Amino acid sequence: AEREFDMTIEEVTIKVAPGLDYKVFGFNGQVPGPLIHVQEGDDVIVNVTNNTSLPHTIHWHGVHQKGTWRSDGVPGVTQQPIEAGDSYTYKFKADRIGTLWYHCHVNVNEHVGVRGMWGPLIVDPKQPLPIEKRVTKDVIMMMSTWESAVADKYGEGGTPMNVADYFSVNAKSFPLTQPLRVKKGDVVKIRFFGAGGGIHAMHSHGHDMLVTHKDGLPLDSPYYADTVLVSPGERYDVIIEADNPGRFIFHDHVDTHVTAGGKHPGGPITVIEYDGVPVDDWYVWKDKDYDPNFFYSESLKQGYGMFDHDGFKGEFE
């Protein structure tokens, strides 16, 4: 099918952590950018308008651009940049399946490293693995890092000289992240993305993960892990069988990453919360103001298309 989307690039401010507000260039004014969910073989058209003060592009990471290299999104290689106020249209066939993503390809150390210019692109295979058919909950986790010294200043950041002192999943740092709520018998697909410049060792308490896909393509030899290393650019898809009720933390095991501005706890932490487990008064997330779509799991059920999410939206000036 032909699927056409209109995307903008906006200057907004997002709250990454308690006391850390961050200026970003959000696709449709949010970080992570909108979920794009299409079927293998769809023809995709994306009309992009740059409502910011600086040039950008969009690169479609994992998309082969078969006969369509001029839509690859690389400035000075496949196009000139999309200047401030201008528009540009990308066209590609989604013939590469799996967990893909998209991100700016201008000034990437800064724009992708700390300005949140990225989002997920899910291409459903016409022939999914048998296990994929058992899945009852699909979860996106996009990890990145932040340099507080340049939070308020576009044009700086993302160099070896800077210090990454805050860490996140889907642009929030614990406790501002959200739990992953399941019930016994759920079959959970988690898609990990190394969206930023850091390496993240994602560990699930209480469960092993069956690693089934690397960069969106199914492994001939899947393997179990309790800790999956995710590095910039990569994706891993795993399956968790939710057959062990409890409250089980799920987090980046890199020790300095579970900090926020030098304080702990913080960083890419969630909790696998099973519905049947009674809540203790001392539980850190008792009475959490809950977002069921923090990992795009509700959007991923809503059919093909492009989905914004207000829990990811930042504030305009």
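From 1 onward, residues are counted along the sequence shown.
Comparing 29-37 with 274-282, the stretch with the higher mean C-alpha B-factor in the PDB entry is 274-282. Per-stretch averaging of Cα B factors for 129-137 and 184-192 places 129-137 on top. Taking only the listed residues 62, 292, 262, 266, the entry reports the highest CA temperature factor at 262. Looking at 151, 74, 229, 209, the one whose CA carries the top B-factor in the deposited record is 151. Ranked against the other modelled residues of its chain, the C-alpha B-factor of residue 87 as given in the entry falls in the highest third. Looking at the C-alpha B-factors along this chain, the one for residue 164 belongs to the middle third. In this PDB entry, the Cα temperature factor of residue 301 sits in the top third of its chain's modelled residues, the highest group.
Sorting the modelled residues of the chain by their CA temperature factor places residue 45 in the highest third. For residue 21, the recorded CA B-factor ranks within the highest third of the chain. Only modelled residues enter the ranking.
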